[PDB]
Structures are given as C-alpha cells and as structure tokens.
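One chain is shown next in structure tokens, namely the form deposited in one PDB entry.
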C-alpha cells in the first residue's frame, strides 16, 4: 500500500510531465502491488481517457467507485469520459452524482457547467461556473470558461477587470509551463500580447507531441521529387468539416477545380458522413477521399497518409471541434500548411506554412506566427457563393409607392417571370448592369399580400413565387445551400420588422464578436443617423437584453436595434440584400459572415486590428477593390458608416461597386483562387525539392 502509494505518486508526476506511457506502466504496477487501490484505478482511467482508450478508462473508473462508492472525483472524471463518447445523459448522471456526494466539489460543478454550455444552456453554465469559483476562487479553467460564457451573451459586467484577470492568469500559467486556460481559438477575443496568443497555441501543439510519443513512430521518409506520382503534387486536405460546416461552404469547389495534369487531391475527412451534398461533392470530386473517422488510432491514420504519398498536407482545423493535430505532429509529409479553417497560428513547429495574404498578415507581424507566411496574391479567403447561391447573382424589386433593398425577388427563372409581365422598368445601375423594377400593379399587390399573410407561396403567370421565410417548407436542401432554389423567392424588410424608410446597418455574426468599444462605435453611428436601425441576430437570443441595455445606457433610444432569429444558410445570405451597410466587428471580423454579406451586394465597413481574425474583412474588401470601406481608426469607421447612411448617392455608388465587383473581382472566383493556390503550392514544393527550409513567400 505505500510501495503502491509511491508508484501512484511517481505516475501522477510522470503524467503531469507528459510521460503518458511511463505513467500507465506505474499505475498498473501500483494495482499489481495493491489491487483495491481506488485512486490508482481512477488515475489509470484518466490517463487511458487522455490516450483515447475510453472503454478501458470507463472500466477502471467503475472499479474505483466499486472500491470507494463515495469517490466523487471518479464520478466527475467518468462523466468527462462519457461526454467524449457522446453519452450526454451518462455524463450528466455522473456529474450530478459527484455533486450529490460532495456539493463542495468545484471541479464537478465546472464539468457540469461545461455540459450546460455545450447544450446551449448558457445561463445554467454561468450559474455552475460561479458555484465552482465560489468553492475554489483560484480556478483558472472555470474563470476563463466563465469569461467565454459571458462573452457569448455580451455580459460586460466589470469587463476591463475581467480582461485584466484573463491576461494575468495566462501570464502566470505561461511562467509555470501549465496548459493555459484560454483556448487558442478564443485568444483573439482578449487583450493578450501576440507572444501570449502564439504561446497559448505552442502549448496545444506540445500536448499533441506528448500523446503520439507512446506510439514511438520513426520519422517518416518523404519523397523528394514527383517521379512516383507521374509529375503531380499529391495534396492532402485534412478537415473535420467536410459536410454542412462553414469550411465546406467556403472551399467545397476547390478539390474538383485542381488541375489533374499537375495535382492529385486527397481529402482526409476526420468526421463521419453527415448525409449532406457538401460531403457528397467533395467525395465525388476529390481524386481520393479517405474517411479517417473510421481510423481512430492516429498512428494507423498518419500511416494511411504516408502510403498515399502526400507532398503537401493541409490542416484546415486548427484547435477546433474534432481536430486531430496528432496526425500532423507525426509529420507524415514534408510540407504541412495551415489553410482557411483556423483564423490563427497553430503555434506548432510541425506546421511549416500558414496560407494567408499581405492584408491579413503583413510581414511586420510575421513573428505573431510560428509558421512561415505563404501569401496568396489577393486574399487567402474564398467563398463557394457563386456555386451555392447563383440565384443571388441578379435581383429585381417591386416599387411599393426607387429602392434596391425593400422588396426583392431572386430566381434562376426571374428573367422569364419579368418578361411575362406588362410594363417592367429597367434601372441602369451606378456601377464602375441593371435592376428590373416591377411597378405597383395587380401582380405587385398579390406578392405583398402573400408576405403580409405569412402564406408559403403563390403562382403568377405559371411561375412559382415563394415566401423567403418558408424555404425549409418548400425545399429544405435549398434552405441549407445544398441545392440551388428552383422557385422565385421574395425577400422584404417587412418580413424582418425592418423600417421601409430608414437606413439598415446589419451585423450577422455570433454576438461574442461584439465588445463594449464596438457597441459604443455602433451607437455613435446610429445617433448621427436619425431613423437608422442596427439589425443583429439572436445568436444567441439570451444575448439580446444585454446588448439592448448597454445601448440604452449609451443614450441610444429603444427600438434602434432590431433582432432577427438565426436563419437557414440561404435565407441568411439572401436577406443581407435588405441591409444598406454591414458594420463589421473589429475585435473578430466576419470571415464566412463577411463573404455572405458581400455576396448580397452589401458594403461592409471594417477596422482591421492586430490579429489575423481582426484583419480578414479588410483583406476581403481589398480583393473586392473597396479600399474606401477600410477604416484606420474608430472615428474613420464611424465617419465612413455615417457617410454611407446619409450621402445616399455615395451609398448607391458604393453598393453598385460591391454588386459588380463580387463578380468582376477575384473574391468569389473559385477557379482563379484554385490556380493561385496551385502556383503557391508548386513554389512550396520547389523550395523543398531543392532541399531548402520553409521560408516566407512574397
């Protein structure tokens, strides 16, 4: 039992050090010496859980509890194991049982909070995180996870203090080689240094290198020419997001546009098949598609990649839901690049390049990243909008009393419907081509009637005319962006309770991207522009009273902020046509959301910051060729925004420019983007065929 205790204690330190294999052997020696050692079973279980041996872990947790039925820590850790196996009901039964045994057990309250948050119950997660912090006031994980909950709902109580405390917690954990409590993915939201953001990511890279050392992989041997591959670069795209995920909504066309004379495309899915057209398309069009979700061991999965012969392995996840950086730590290919999925540095030495651009990541901030900058010539950002929403390439309007954004029609067959109608007026557009106007006739009245009654659709002259609010009832695959709508769709400001006679500023991001500064700039803009409203989403809904209160306190009258629900994907893109201007979030820009609003022809005002995440919208707008929409400070952001809301001719000009340039510019041109990505990939390959080290590409 004390032979046993020293084996157990050594093992605990071996684990803390990251010598996971060593820790396992010692816990087993501990149980060899002393079978009924509840703590040794529970500790062996925790390290088996870390290794992904979830059924073996569960078995040792239950042993721990059989030996000691009041071992609340075993139940708490078992609960985390069941949560990783997706058994949320089992996870709750264990957490709640741990809190029933010891109501003062802070870790259990924190684990429970975390499952409330994941379930979309932010108010209970907040309550449980605060219980945890009441029981254990020095609890970085609970404090930082709580700061993230409060961010999500725009709770800004003691914001400046909270911000200082996050920084000092991270400093303190960085000192003492502890895994920081701020997740790499959240680190852009807080006033940390670039070293702190890089340092946070560096340490999640480190923890992958520890997990794979149990496997004992010899360094893989990497092809040094294209002889085995018939003169083709073998490019492997690794993603958890091949399915209905933003990433697929950006890049699903890229695999099948690769030049097969020079490239051979491998898609490695880390997720199982969700049944969506997004997965179907990438499986159909990639030269090779591999479901690594069927190959859970990372050793055998990185093997599966080395025997494909990959030259460039592309990491589209970053520290996200379902990433397997273990695959990239084992370096199964000679060039490993960060692309598109994660808006930050991996902080890992085992990633060579980050595919970015000069506006997103200027050279002066190259040490903000662990990777070498690999510049795309325009933006690194891409969108599949031209393929997913071609019905938004053109629009028509109904003249209710001429506005481009009160009552809007969009459809593949819109030209044929318009031509069925008597007296349609064409307005030549103020672009650097034309907008059909339907006058207020019997036809026009029938459409507005269908909107007012909440009616799903009508028929005019044989054409299907759909209510834009009812797309999931007419064609659920059109609502998700999986199919192109086959009816003419009607979109109106009345459907969203927006004013027919005022400027609509929009921002369709999750609310966490808003901070006190940003909402103060927005309130400033609304006060300068009487009439005007700010159009936000219930993302989530429990964020709305906070926003509305802090805006009431900034002297902004009631009824100047209008909230809409989160919509299906194509409604969200289509309904951006109803806004005048999009006010981008400077803390963390719209990324996918920025592409969505530009596709609708809606100008976006942005203020690029330090972080990659704060500069993506300014990169999109530079590629689009709209430099007048990029602000160098907050006064300029407000002045640009107020000008677009008052100078109506300037508004018409700027909108006309976005409308034309979404087609003319490279921003939405997936073929051009794939060709530039191919040039940049052959540069990466040359530089290493000639046996040089990764370096900056400009």
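Numbering follows the first chain given and starts at 1.
The form deposited with a partner chain bound is left out here; the points below concern that form.
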Of 415, 453, 300, 134, the one that lies within 4.5 Å of its partner chain in the deposited complex (heavy atoms): 453
Contact residue in the deposited complex, from 174, 460, 521, 448 (heavy atom within 4.5 Å of its partner chain): 448
Options 252-260, 600-608, 615-623, 496-504; stretch whose heavy atom lies within 4.5 Å of its partner chain in the deposited complex: 496-504
Proximity of residue 441 to its partner chain in the deposited complex, heavy atoms at 4.5 Å: no
Any non-hydrogen atom of residue 529 within 4.5 angstroms of its partner chain in the deposited complex: no
4.5 Å heavy atom contact, residue 577 to its partner chain in the deposited complex: no
In the deposited complex, residue 379 touching its partner chain (heavy atom, 4.5 Å): no
